[PDB]
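Okay, so here's just one chain, in structure tokens, the form deposited without the named molecule.
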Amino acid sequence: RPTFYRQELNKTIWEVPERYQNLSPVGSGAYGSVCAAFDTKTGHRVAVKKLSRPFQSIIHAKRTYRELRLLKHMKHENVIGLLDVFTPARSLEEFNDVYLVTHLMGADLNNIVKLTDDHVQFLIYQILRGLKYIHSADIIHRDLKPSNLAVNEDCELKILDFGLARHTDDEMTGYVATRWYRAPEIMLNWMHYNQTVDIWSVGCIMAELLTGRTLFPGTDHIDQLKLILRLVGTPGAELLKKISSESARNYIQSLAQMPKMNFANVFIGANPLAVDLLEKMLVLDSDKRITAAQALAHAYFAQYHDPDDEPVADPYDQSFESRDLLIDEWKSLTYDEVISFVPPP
């Protein structure tokens, strides 16, 4: 066990191993507080996150276990990895606090956008390489957007901030970036969704890198649907049958029919290969969208594609997701995963 020291950082007691020095507050959501620090053991600048109320309810206790399982599995150049996880507790009996350690990242894709064709190829290639890995483990990200994609000092892109099923009705309301990158089937609850929702989000991000403008900046759910159908066309009888929601189906049929627009006349002056890839990502019927593995082999990425250096994940057991347990059982499973952690090479 390392030695721990205590300090107060903005109304909060932080108890951390001596290796972590120069702690300074960076931010706080409602799921925890984050400090920047220097890790003297590795020489990395790191983000230390202290979870808030990790075991306060069955829903929260399971969310904590879900986030630690996910971060411990992800071992890929284009995905955030777990550098460390610790608790000052010496036993399960006194376990209350969980701290997660990851690489401090540089500029996100909002900061980058706010670019040549060569830069767009390079950045979308890395997102797709990381998504081929995530999807191979049957994980859906569910929240891809520019603020969840950042590059380090060497311009290596990493996917962060996986959807832990955490978004509130309020957070998705109105003129908000939290909704602009979502597939219509998840935005309006049309049907059981799958990993295809992440490729819709990649199409929206790629469009915004090419034009410097949000593709579907809707003022609310219905305004954003009208922007979407004006570009890709209203649904045919084949997709309407797959909308299992009867009243969602009824509303779509109230809209005047519109054809798919010419993407060369929308993305004026873009590489014709970029236009072709956008037409394959931005398809209303999710069964028909291009997959990450198929997109890596598209001619737009000829300069970067190497099928011997696009790895897949180890198998990932998510049987816990359908298990019903008490708060103290989720808390014991979480404690076991904290004490068994082995740091990267």
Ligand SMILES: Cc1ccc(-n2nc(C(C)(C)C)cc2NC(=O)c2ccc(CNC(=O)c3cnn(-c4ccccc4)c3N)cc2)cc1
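What we label the rigid core is the largest C-alpha set whose atoms superpose within 1.5 Å from one form to the other. Heads up: residue numbers just count along the shown sequence, starting at 1.
Modelling of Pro217 is complete across the other compared entries in which both of its neighbours are modelled; not even a third of them leave it out. Residue-level annotation: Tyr133 has coordinates in all of the other entries compared, counting only those that model residues on either side of it, so it never reaches the one-third mark. Counting the deposited residues that fall between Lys114 and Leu115 and carry no coordinates gives a value of 1 to 3.
When the C-alpha B-factors of 159-167 and 125-133 are averaged, 159-167 comes out higher. According to the PDB record, 22-30 carries the higher mean C-alpha B-factor of the two stretches 22-30 and 46-54. Across the residues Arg90, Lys226, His73, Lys260, the deposited record lists the maximum Cα B factor for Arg90. When the Cα B-factors of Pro272, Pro184, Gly236, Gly212 are read from the PDB record, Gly236 comes out highest. Ranked within its chain, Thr64 lands in the middle third, by CA B factor from the PDB record. The PDB entry assigns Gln303 a C-alpha temperature factor belonging to the highest third of its chain's modelled residues. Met105: CA B factor in the highest third of modelled residues in this chain (values from the PDB entry). The deposited CA B-factor of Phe95 belongs to the highest third of values across its chain. The entry lists a Cα temperature factor for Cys35 that places it in the highest third of the chain's modelled residues.
We do not show the form solved in complex with the named molecule, though everything after this point is about it.
Transferring the named molecule from its position in the entry with it bound by superimposing the C-alphas around the site places at least three ligand atoms within 2.4 angstroms of backbone or C-beta atoms here, which marks the site as blocked. Heavy atoms of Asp161 reach within 4.5 Å of the named molecule in the entry with it bound, making it an interface residue. At the 4.5 Å threshold, heavy atoms of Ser201 stay clear of the named molecule in the entry with it bound, well away from it. The named molecule in the entry with it bound comes within 4.5 Å of a heavy atom belonging to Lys49.
The named molecule is not shown here, and in the entry with it bound it never comes within 4.5 Å of any heavy atom of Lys132. Against the named molecule in the entry with it bound, the set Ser136, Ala295 and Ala313 makes no contact: no member has a heavy atom within 4.5 Å. Along 71-94, a non-hydrogen atom within 4.5 Å of the named molecule in the entry with it bound is carried by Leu71, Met74, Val79, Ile80, in order along the sequence.
Among the candidates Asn271, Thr211, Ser147, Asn152, displacement between this form and the one not shown reaches 2 angstroms at the C-alpha for one position only, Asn152 (superposition on the rigid core). In the entry with it bound, the Cα-Cα separation between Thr40 and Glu153 grows by 3 Å or more relative to the displayed conformation. Note on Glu153 and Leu210: their C-alpha atoms are nearer in the entry with it bound, a change of at least 3 Å from this conformation.
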